[PDB]
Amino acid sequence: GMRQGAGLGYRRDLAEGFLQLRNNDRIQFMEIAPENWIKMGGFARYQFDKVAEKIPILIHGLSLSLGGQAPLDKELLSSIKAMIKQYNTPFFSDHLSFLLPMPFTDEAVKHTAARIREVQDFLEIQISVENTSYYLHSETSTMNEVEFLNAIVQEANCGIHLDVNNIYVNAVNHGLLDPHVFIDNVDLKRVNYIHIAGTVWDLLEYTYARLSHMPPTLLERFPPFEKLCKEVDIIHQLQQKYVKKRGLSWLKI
């Protein structure tokens, strides 16, 4: 325990800056993918484990493919459960995929929701689903992106890991959903984790003005460590502006 506030993602090449952090007052938590942890060497893992003595961890995975057709990877799920136990961190988020369009249909909602309920049963925790950029919008879609997300997470009864940039990117690429309409309609009571990497900064403020609580917010990004820490201080200063002005509580994971 315990994750709250503003954090930074772990990379083997930032290990020297992470290992010099004397506490988690500034970098309040870090993020790691299981796909990278699993394939760490002995010394890379040592450095990581040594940083995890001071800086708590959230697990955000790349490859579980929650809306995919291939059966769920039990070898991967087992490493996720092992990490949750090892680092004492009862959180997990991943993505829907990764050519073809991602159709926002009820058939895909029911399919994805059902797999998320299986992942939840195995891990014995509730997971969060991250909104991602998609390349091709399906002609067959019966709903828009925020409807789709909302529907999946309400039918799986899981959280939302909200990525601000991915909202902006789907608005730029497709022109289908105003990022302001997105945030106004997202099930914000379910957002327990946020990612941010100008107009996008303002979408963070727009979200912060509307959430029910203040979740952990990670700077997602190759610049030098202390620059990355100054960017994290700004996310945090922005969090405190909104916790103060709106009387919010900090969500602690």
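In case it trips you up, residue 1 is the first one in the sequence shown, and so on.
The stretch of deposited sequence separating residue 135 from residue 136 contains no residues lacking coordinates in this entry. In the deposited entry, the stretch joining residue 221 to residue 222 is interrupted by 1 to 3 residues of the deposited sequence lacking coordinates. Looking at mean Cα B-factors across 50-58 and 222-230, the upper value is held by 222-230. Remark: residue 188 belongs to the middle third of its chain, ranked by C-alpha B-factor as recorded. Ranked by Cα temperature factor within the chain, residue 206 sits in the lowest third according to the deposited record. Per-chain ranking of the deposited C-alpha B factor places residue 5 in the middle third.
Among all modelled residues in its chain, residue 213 ranks in the highest third by Cα B-factor. In the deposited entry, the Cα temperature factor of residue 131 places it in the highest third of its chain's modelled residues.
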